[PDB]
């Protein structure tokens, strides 16, 4: 007693937008540092009937029977996660149930410290995530700043983590967790150094590697597994998986953490796992382990360096004047145009990037930059030679933005009126579209 008509027939209204979304993805130069493109295999999993099943609990300790095939899929995913991040299944545990990154971080933090618990993370302005204890004078913006007591550590005026300030803070604050690994940070992390500060106060070390996961797994960048009690990561960014999260816990350093973390995920915070996610994650984790995927990850940093170099060659300033990873942050103060202005201009030319704060911005009211990343375009087959063109399109967009701000004035309302119908934007869009539309598209 159901309607099995195909999506096109069943919902022509929704099917049209999705074809449109597909086309806009197909014709966009996507510089969002957190985005990527999933293959058909990962999307077959997300559409799989395995999402029908309720399977609260863990494998072999399931509330319901008839979870025979779900247990195999959940354990195959845990196995591949541990393998991919080069961890022994004797020494490291993994939870694959968190629905997304923010959920995983809140669950993992609660496990360690509980309500009223003390945490330290990077400020959102300085590169840290919302789930790293972010708050404001007006409000406790994240639950992580409200259900926990959190303190926030800034990066220096050059845009690097200042360990002296972290320790200065850690000794007076005495937290149970110190969070490292960030949302918009263009350099590698000194986890070893972090591990030393946590011991000095007996705090837990929490490494959120969602933006840099593929680097860590493929050993291009520092390994937080060597020092961290917990490693959280999303699966949908550089890893190129579905939207989900992973929590890693070091049993050897902390016996009894496995149950503490597993109970935090369920039944403290979630109900039934989403099984299509789990299957999809397993499917991507097979791909992560191959030497082919390391080739892809290498390519992301190659492109990111070439992009950074090419932007400096056009006299554009970068936070920390370069990058060790997939991402860059452009400091736009040189041109006296805000980040949101450039985001609007870039969308008009089908360039997806996002506005981003910089060290000089005391206040989040106006982000003075934009953040860009190479994983999505690396996925679409772009090589080092392609980066000069991207740098060129970005340079042209900044210039156009300066022109439109001059012509229509600095107010954002005023600026936006200038955007529609601009001949140069339409010319730039066309140029963007022709080049983007041609590239391989999973």
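We call the rigid core whatever largest set of C-alpha positions still superposes within 1.5 Å between the two forms. Residue numbers count along the first chain shown, from 1.
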> So if we fit everything on the core, which stretch drifts more in 7 other deposited structures of this protein, 355-363 or 230-238, C-alphas only?
Replying inline: 355-363
> Comparing 203-211 with 365-373, which has C-alphas lying farther from the shown form in 7 other deposited structures of this protein once the core is aligned?
Replying inline: 365-373
> For the C-alpha atoms alone, is the average B factor greater in 197-205 or in 313-321, going by the entry?
Replying inline: 197-205
> Looking at the entry, does 328-336 or 156-164 show the higher mean C-alpha B-factor?
Replying inline: 156-164
>> Sorting 188, 146, 74, 89 by Cα temperature factor from the record, which one lands on top?
In response: 89
> Can you tell me which of 56, 44, 68, 386 has the highest Cα temperature factor in the record?
Replying inline: 68
> Against its chain's modelled residues, does residue 51's Cα B factor rank lowest, middle or highest third?
Replying inline: lowest
> If you rank every modelled residue in this chain by C-alpha B factor, which third holds residue 61: lowest, middle or highest?
Replying inline: highest
> Is the Cα B-factor recorded for residue 275 in the lowest, middle or highest third of its chain?
Replying inline: lowest
> Compared with the other modelled residues in the chain, in which third is the CA B-factor of residue 348?
Replying inline: middle
> Thinking about Cα B factors across the chain, which third does residue 222 belong to?
Replying inline: middle
